[PDB]
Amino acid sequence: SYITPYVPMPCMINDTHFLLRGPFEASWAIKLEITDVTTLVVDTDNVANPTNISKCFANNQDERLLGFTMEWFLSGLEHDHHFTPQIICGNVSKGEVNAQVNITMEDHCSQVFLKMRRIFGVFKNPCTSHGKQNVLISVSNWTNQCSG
């Protein structure tokens, strides 16, 4: 049973904003935001899937460590043939988020919520809404947003 070293430090800000500080006290954190606002639309070459979501971080510094950390975050999810949310990569050079994960479908939403509750603890279930819903994934600077 393999124990990855690339485990981030979780930091829940509130029901919609979450941070995963990079392993080994990195100066960055992966930012997750639950929102019903859609910022990315599918074009001919920005679509990804859970297995290669790492490619949505190719233009980032520390790309390898970012991939290992996203691999940790999606454990149990990318292994699931039925976890098939639409994922779109954003243009980070134009200020867009790294990835937009479509969680409008209830089964996908709830699978993500259950994983996030396991990592962060209890928060408001976002899946009881109807209408479009997303998780936006980006990279923020770590400024000690959580401490003891």
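Each residue number is its position in the shown sequence, starting from 1.
Student: Quick check: 3-11 versus 139-147, which has the larger average CA B-factor in the record?
Tutor: Mean C-alpha B-factor is greater for 139-147.
Student: Do the CA atoms of 124-132 or those of 16-24 have the higher mean B-factor in the entry?
Tutor: Comparing 124-132 with 16-24, the higher mean C-alpha B-factor belongs to 124-132.
Student: Which of these has the highest Cα B-factor in the record: 102, 59, 84, 110?
Tutor: If I rank 102, 59, 84, 110 by C-alpha B-factor, first place goes to 59.
Student: What's the residue among 42, 30, 34, 116 with the greatest CA temperature factor in the PDB record?
Tutor: The C-alpha B-factor peaks, among 42, 30, 34, 116, at 42.
Student: Comparing residue 92 with the other modelled residues of its chain, is its CA B-factor in the lowest, middle or highest third?
Tutor: Ranked within chain, residue 92 CA B lands in the highest tercile.
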